[PDB]
Amino acid sequence: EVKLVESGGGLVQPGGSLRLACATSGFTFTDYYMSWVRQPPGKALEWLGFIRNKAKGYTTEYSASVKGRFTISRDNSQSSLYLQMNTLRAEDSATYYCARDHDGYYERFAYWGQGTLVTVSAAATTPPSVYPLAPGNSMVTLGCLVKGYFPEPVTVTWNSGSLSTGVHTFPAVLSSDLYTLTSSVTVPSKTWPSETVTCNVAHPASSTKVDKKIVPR
Amino acid sequence: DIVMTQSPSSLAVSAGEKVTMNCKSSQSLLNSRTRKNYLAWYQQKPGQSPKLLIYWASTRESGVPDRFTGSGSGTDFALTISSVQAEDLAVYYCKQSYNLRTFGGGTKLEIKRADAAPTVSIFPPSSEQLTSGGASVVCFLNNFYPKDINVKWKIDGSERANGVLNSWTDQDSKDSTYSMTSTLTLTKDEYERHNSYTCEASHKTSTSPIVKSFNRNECX
Ligand SMILES: C=CCO[C@]1(C(=O)O)C[C@@H](O[C@]2(C(=O)O)C[C@@H](O)[C@@H](O)[C@@H]([C@H](O)CO)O2)[C@@H](O)[C@@H]([C@H](O)CO)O1
Ligand SMILES: [Zn+2]
Ligand SMILES: [Zn+2]
């Protein structure tokens with residue numbers, strides 16, 4: 001199957017540089033143009049540039065917004081794609097996606113990566129504090145509070161992802177240069193506390209991995 | 001130098017109803033040589049990557065439901081959903097590839113459903129947090145509609161507005177409801193000076209507020 005995976009995202013100081021990578025598999029890489037697209041949190045997609053395929057000599061083109069500042073390259077020996085970003089500023093804070101572009105016939109971005117989040121800021125990396133949210137009657141709702149971290153993102157799963165439905169993870173809110181979010185999960189009263197419920201939190205920027213078991217007070 | 005504009009910016013439609021969204025280009029996208037319009041539509045569900053729905057204006061990508069139809073030519077295009085489903089909640093983007101590529105600004109599609117009252121849950125601070133000198137009280141207001149809702153916090157019966165942060169989820173793709181979290185943060189010192197902590201939710205679904213409370217003396 002076709003796979004596209006971005007990496008290299010994270011925190012970078014205003015004025016600094018950062019290079020993203022996009023690893024692909026499951027298709028003849030050299031046949032395809034490849035594009036980079038970005039998206040500031042809550043805003044529209046923006047096309048940044050592409051690098052053409054073999055038939056077209058692997059030449060590059062850029063949007064006016066980034067031409068002269070961002071550089072796209074590819075490694076055809078490893079089927080990977082790169083975006084070099086220079087002189088970063090706040091407007092560059094965004095999720096960056098690589099996408100499989102033109103193959104000489106089709107006009108479509110048929111495949112996209114999961115994207116990688118870039119934050120341009122002078123604020124320091126801070127790992128989250130993670131606190132269990134236990135109650136105090138048919139369904140029971142539990143939660144985890146993920147407080148005081150920077151930058152985004154963090155991920156919250158429940159029971160290593162085996163608890164999927166009945167979960168709500170609330171968008172982080174920034175206050176005083178630190179983010180806070182929470183996640184709720186609602187399970188049958190019979191399953192808890194008789195069975196264990198655990199939230200798993202990860203904060204990539206600080207390599208933080210946290211398991212917090214929700215125990216009755 | 002091709003400007004892409006979409007309308008509406010947003011709208012909401014009930015399940016089963018028709019929807020039309022429009023995409024305008026500042027110049028024709030009709031490639032005279034290949035006889036095709038270089039215009040594609042993408043769907044981005046909450047928290048997901050964009051997914052291809054339509055390309056060449058009207059060609060539906062395999063695996064994309066028949067209810068999605070792309071139409072139009074030249075400078076004007078549309079995406080029509082014949083019978084909206086709850087899972088169709090998303091931002092829809094058009095994109096020209098006639099000259100490099102350019103995305104429109106997007107159309108946010110939300111789903112209209114029957115009003116639903118929130119399920120409210122309150123949670124006292126954890127001992128770990130208190131030990132560290134902080135005190136967060138959390139209230140979840142889950143699965144309600146419409147999105148507009150009010151929360152007020154009461155400490156020993158008196159309202160407090162300071163130190164409260166609110167966060168709504170995007171609409172749910174299966175039941176079309178919204179949820180919200182309200183978090184009241186206090187110092188431990190201040191937290192320990194009062195007993196009753198109350199989270200009050202007022203929503204159009206009732207003239208009586210939904211109230212959840214805990215007393216510190218009862219062990220949070
Ligand atoms: C006379 C047109 C020739 O177009 C091609 C060709 O070989 O048919 C393809 C062109 O492709 C691009 C490009 O700029 O690389 C990307 C495509 O996705 C599309 O945007 C087209 C656009 O419709 C214009 O044709 O351009 C391009 O490679 C072109 C020449 O190599 C450079 O003009 O050749
Ligand atoms: Zn060129
Ligand atoms: Zn739910």
# chains A, B, ... in the order shown; residues from 1 in each chain; ligands from 1

$ residues_around --residues "residue 126 (chain A)" --least-positions-apart "6" --cutoff "9 Å" --atoms "only C-alpha atoms" --output "MDAnalysis selection string"
chainID A and resid 148:151 178 205:206

$ write_last_selection --atoms "N, CA, C and O atoms" --output "compact mmCIF listing (two decimals), in the first residue's frame"
# COMPACT_ATOMS: atom_id res chain seq x y z
N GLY A 148 0.03 22.34 31.31
CA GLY A 148 1.26 23.10 31.41
C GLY A 148 2.40 22.69 30.49
O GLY A 148 3.56 22.71 30.90
N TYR A 149 2.09 22.33 29.24
CA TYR A 149 3.14 21.89 28.32
C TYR A 149 3.35 22.84 27.14
O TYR A 149 2.52 23.71 26.86
N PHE A 150 4.45 22.63 26.43
CA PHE A 150 4.78 23.41 25.24
C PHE A 150 5.96 22.75 24.53
O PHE A 150 6.89 22.28 25.19
N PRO A 151 5.92 22.68 23.19
CA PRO A 151 4.84 23.13 22.30
C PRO A 151 3.80 22.02 22.14
O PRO A 151 3.93 20.98 22.79
N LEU A 178 1.80 28.41 27.84
CA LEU A 178 1.67 26.99 28.15
C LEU A 178 0.30 26.46 27.75
O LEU A 178 -0.71 27.13 27.95
N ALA A 205 7.82 16.57 21.89
CA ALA A 205 8.89 17.57 22.02
C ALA A 205 9.81 17.30 23.22
O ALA A 205 11.01 17.59 23.16
N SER A 206 9.26 16.75 24.29
CA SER A 206 10.06 16.45 25.48
C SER A 206 10.27 14.94 25.66
O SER A 206 10.75 14.50 26.70

$ closest_atom_pairs --of "chain A" --to "chain B" --cutoff "7 Å" --atoms "only C-alpha atoms" --output "tab-separated table"
residue	atom	partner	partner_atom	distance
A:44	CA	B:105	CA	5.4
A:45	CA	B:103	CA	6.3
A:46	CA	B:103	CA	6.2
A:47	CA	B:102	CA	6.0
A:107	CA	B:38	CA	6.5
A:108	CA	B:55	CA	6.0
A:109	CA	B:52	CA	6.7
A:110	CA	B:52	CA	5.9
A:112	CA	B:49	CA	6.7
A:114	CA	B:49	CA	5.7
A:131	CA	B:126	CA	6.4
A:132	CA	B:126	CA	6.6
A:133	CA	B:123	CA	5.9
A:134	CA	B:123	CA	6.3
A:135	CA	B:123	CA	5.7
A:136	CA	B:220	CA	6.4
A:170	CA	B:169	CA	5.3
A:171	CA	B:167	CA	6.3

$ residues_around --residues "residue 103 (chain A)" --least-positions-apart "4" --cutoff "10 Å" --atoms "only C-alpha atoms" --output "PyMOL selection string"
chain A and resi 28-34+52-55+107-108

$ write_last_selection --atoms "N, CA and C atoms" --output "compact mmCIF listing (two decimals), in the first residue's frame"
# COMPACT_ATOMS: atom_id res chain seq x y z
N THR A 28 6.12 3.56 -7.31
CA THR A 28 7.35 3.93 -7.99
C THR A 28 7.66 5.42 -7.82
N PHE A 29 8.45 5.73 -6.79
CA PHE A 29 8.74 7.10 -6.37
C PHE A 29 9.13 8.04 -7.51
N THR A 30 10.07 7.60 -8.35
CA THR A 30 10.62 8.45 -9.39
C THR A 30 9.59 8.84 -10.47
N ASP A 31 8.49 8.09 -10.54
CA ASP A 31 7.40 8.40 -11.47
C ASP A 31 6.61 9.64 -11.07
N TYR A 32 6.68 10.02 -9.80
CA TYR A 32 5.77 11.03 -9.26
C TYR A 32 6.41 12.38 -8.88
N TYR A 33 5.75 13.47 -9.28
CA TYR A 33 5.96 14.77 -8.67
C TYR A 33 5.59 14.62 -7.21
N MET A 34 6.22 15.40 -6.35
CA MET A 34 5.84 15.42 -4.93
C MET A 34 5.68 16.86 -4.46
N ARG A 52 9.51 17.88 -9.51
CA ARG A 52 8.98 17.05 -10.59
C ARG A 52 9.58 15.65 -10.59
N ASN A 53 9.06 14.80 -11.47
CA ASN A 53 9.49 13.41 -11.56
C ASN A 53 10.73 13.23 -12.44
N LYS A 54 11.09 11.98 -12.69
CA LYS A 54 12.28 11.68 -13.49
C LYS A 54 12.14 12.20 -14.92
N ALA A 55 11.00 11.91 -15.54
CA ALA A 55 10.75 12.34 -16.91
C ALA A 55 10.97 13.84 -17.09
N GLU A 107 -4.17 14.50 -12.68
CA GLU A 107 -4.08 15.76 -11.95
C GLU A 107 -4.79 15.60 -10.62
N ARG A 108 -4.05 15.19 -9.59
CA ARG A 108 -4.63 14.91 -8.28
C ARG A 108 -3.53 14.69 -7.25

$ select_by_dssp --residues "region 8-167 of chain B" --states "alpha helix (DSSP H)" --output "tab-separated table (two decimals) with N, CA and C atoms, in the first residue's frame"
chain	number	residue	atom	x	y	z
B	127	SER	N	-4.72	14.54	44.13
B	127	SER	CA	-3.76	14.76	45.21
B	127	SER	C	-2.37	15.10	44.67
B	128	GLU	N	-1.96	14.47	43.57
B	128	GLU	CA	-0.67	14.79	42.98
B	128	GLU	C	-0.60	16.28	42.70
B	129	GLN	N	-1.65	16.81	42.08
B	129	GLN	CA	-1.63	18.23	41.72
B	129	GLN	C	-1.62	19.12	42.96
B	130	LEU	N	-2.49	18.82	43.92
B	130	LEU	CA	-2.56	19.59	45.15
B	130	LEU	C	-1.21	19.62	45.84
B	131	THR	N	-0.62	18.45	46.00
B	131	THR	CA	0.70	18.34	46.62
B	131	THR	C	1.70	19.29	45.97

$ select_by_dssp --residues "region 24-143 of chain A" --states "strand (DSSP E or B)" --output "number ranges by chain"
A: 24-25, 34-39, 46-51, 60-62, 70-75, 80-85, 94-100, 111-112, 116-120, 126, 129-133, 139-143

$ closest_residue --among "A:89, A:67, A:168, A:213" --to "ligand 2" --atoms "only C-alpha atoms and all ligand atoms"
A:67

$ atom_distance --atom1 "CA of residue 182 (chain A)" --atom2 "CA of residue 10 (chain B)"
27.2 Å

$ closest_atom_pairs --of "chain A" --to "ligand 1" --cutoff "8 Å" --atoms "only C-alpha atoms and all ligand atoms" --output "JSON lines"
{"residue": "A:52", "atom": "CA", "partner": "ligand 1", "partner_atom_place_in_ligand_line": "15 (O)", "distance": 6.6}
{"residue": "A:56", "atom": "CA", "partner": "ligand 1", "partner_atom_place_in_ligand_line": "28 (O)", "distance": 6.4}
{"residue": "A:101", "atom": "CA", "partner": "ligand 1", "partner_atom_place_in_ligand_line": "18 (O)", "distance": 7.7}
{"residue": "A:102", "atom": "CA", "partner": "ligand 1", "partner_atom_place_in_ligand_line": "18 (O)", "distance": 5.4}
{"residue": "A:104", "atom": "CA", "partner": "ligand 1", "partner_atom_place_in_ligand_line": "9 (C)", "distance": 6.7}
{"residue": "A:106", "atom": "CA", "partner": "ligand 1", "partner_atom_place_in_ligand_line": "18 (O)", "distance": 8.0}
{"residue": "A:107", "atom": "CA", "partner": "ligand 1", "partner_atom_place_in_ligand_line": "18 (O)", "distance": 5.9}

$ write_last_selection --atoms "C-alpha atoms" --output "CSV table (one decimal), in the first residue's frame"
chain,number,residue,atom,x,y,z
A,52,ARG,CA,9.0,17.1,-10.6
A,56,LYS,CA,10.9,16.0,-16.1
A,101,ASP,CA,1.5,14.9,-7.0
A,102,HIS,CA,1.4,14.6,-10.8
A,104,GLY,CA,2.4,12.8,-16.1
A,106,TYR,CA,-3.4,12.3,-13.4
A,107,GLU,CA,-4.1,15.8,-11.9

$ residues_near_ligand --ligand "ligand 2" --cutoff "7 Å" --atoms "only C-alpha atoms and all ligand atoms" --output "VMD selection string"
chain A and resid 59 to 61

$ closest_residue --among "B:66, B:148, B:88, B:175" --to "ligand 3" --atoms "only C-alpha atoms and all ligand atoms"
B:175

$ closest_atom_pairs --of "chain A" --to "ligand 3" --cutoff "12 Å" --atoms "only C-alpha atoms and all ligand atoms" --output "tab-separated table"
residue	atom	partner	partner_atom_place_in_ligand_line	distance
A:139	CA	ligand 3	1 (Zn)	11.7
A:141	CA	ligand 3	1 (Zn)	10.4
A:164	CA	ligand 3	1 (Zn)	10.5
A:165	CA	ligand 3	1 (Zn)	7.4
A:166	CA	ligand 3	1 (Zn)	4.7
A:167	CA	ligand 3	1 (Zn)	6.2
A:168	CA	ligand 3	1 (Zn)	6.5
A:169	CA	ligand 3	1 (Zn)	10.2
A:170	CA	ligand 3	1 (Zn)	11.9
A:183	CA	ligand 3	1 (Zn)	11.5
A:184	CA	ligand 3	1 (Zn)	9.2
A:185	CA	ligand 3	1 (Zn)	8.3
A:186	CA	ligand 3	1 (Zn)	7.8
A:187	CA	ligand 3	1 (Zn)	10.6

$ write_last_selection --atoms "N, CA, C and O atoms" --output "mmCIF file, in the first residue's frame"
data_model
loop_
_atom_site.group_PDB
_atom_site.id
_atom_site.type_symbol
_atom_site.label_atom_id
_atom_site.label_comp_id
_atom_site.auth_asym_id
_atom_site.auth_seq_id
_atom_site.Cartn_x
_atom_site.Cartn_y
_atom_site.Cartn_z
ATOM 1 N N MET A 139 -23.711 4.660 32.950
ATOM 2 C CA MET A 139 -22.431 4.942 32.314
ATOM 3 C C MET A 139 -21.588 5.777 33.273
ATOM 4 O O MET A 139 -22.130 6.565 34.053
ATOM 5 N N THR A 141 -18.086 8.387 33.457
ATOM 6 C CA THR A 141 -17.127 9.173 32.687
ATOM 7 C C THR A 141 -15.859 9.443 33.490
ATOM 8 O O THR A 141 -15.913 9.854 34.654
ATOM 9 N N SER A 164 -11.749 3.176 22.282
ATOM 10 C CA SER A 164 -11.820 4.118 21.168
ATOM 11 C C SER A 164 -13.079 4.981 21.198
ATOM 12 O O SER A 164 -13.006 6.210 21.140
ATOM 13 N N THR A 165 -14.237 4.336 21.275
ATOM 14 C CA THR A 165 -15.499 5.063 21.250
ATOM 15 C C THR A 165 -15.807 5.623 22.630
ATOM 16 O O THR A 165 -15.347 5.093 23.638
ATOM 17 N N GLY A 166 -16.578 6.704 22.670
ATOM 18 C CA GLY A 166 -16.928 7.330 23.930
ATOM 19 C C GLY A 166 -15.791 8.176 24.474
ATOM 20 O O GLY A 166 -15.786 8.543 25.647
ATOM 21 N N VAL A 167 -14.822 8.478 23.615
ATOM 22 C CA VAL A 167 -13.704 9.337 23.989
ATOM 23 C C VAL A 167 -13.880 10.733 23.403
ATOM 24 O O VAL A 167 -14.279 10.885 22.251
ATOM 25 N N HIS A 168 -13.602 11.750 24.213
ATOM 26 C CA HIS A 168 -13.518 13.121 23.729
ATOM 27 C C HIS A 168 -12.203 13.729 24.186
ATOM 28 O O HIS A 168 -11.951 13.833 25.387
ATOM 29 N N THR A 169 -11.368 14.134 23.239
ATOM 30 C CA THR A 169 -10.154 14.857 23.594
ATOM 31 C C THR A 169 -10.337 16.304 23.157
ATOM 32 O O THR A 169 -10.622 16.585 21.988
ATOM 33 N N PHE A 170 -10.212 17.210 24.115
ATOM 34 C CA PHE A 170 -10.496 18.615 23.885
ATOM 35 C C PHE A 170 -9.273 19.374 23.388
ATOM 36 O O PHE A 170 -8.166 19.208 23.907
ATOM 37 N N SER A 183 -8.938 15.011 28.287
ATOM 38 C CA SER A 183 -9.617 13.999 27.511
ATOM 39 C C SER A 183 -10.590 13.296 28.440
ATOM 40 O O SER A 183 -10.251 13.009 29.584
ATOM 41 N N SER A 184 -11.796 13.042 27.956
ATOM 42 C CA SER A 184 -12.755 12.248 28.717
ATOM 43 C C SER A 184 -13.031 10.940 27.995
ATOM 44 O O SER A 184 -12.922 10.857 26.770
ATOM 45 N N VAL A 185 -13.383 9.920 28.768
ATOM 46 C CA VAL A 185 -13.784 8.633 28.231
ATOM 47 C C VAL A 185 -14.978 8.153 29.051
ATOM 48 O O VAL A 185 -14.995 8.291 30.278
ATOM 49 N N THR A 186 -15.980 7.612 28.370
ATOM 50 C CA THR A 186 -17.192 7.162 29.034
ATOM 51 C C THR A 186 -17.436 5.672 28.816
ATOM 52 O O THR A 186 -17.714 5.232 27.697
ATOM 53 N N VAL A 187 -17.336 4.909 29.900
ATOM 54 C CA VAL A 187 -17.472 3.462 29.853
ATOM 55 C C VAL A 187 -18.603 3.000 30.777
ATOM 56 O O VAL A 187 -19.049 3.753 31.648
#

$ atom_distance --atom1 "CA of residue 25 (chain A)" --atom2 "CA of residue 9 (chain A)"
20.3 Å
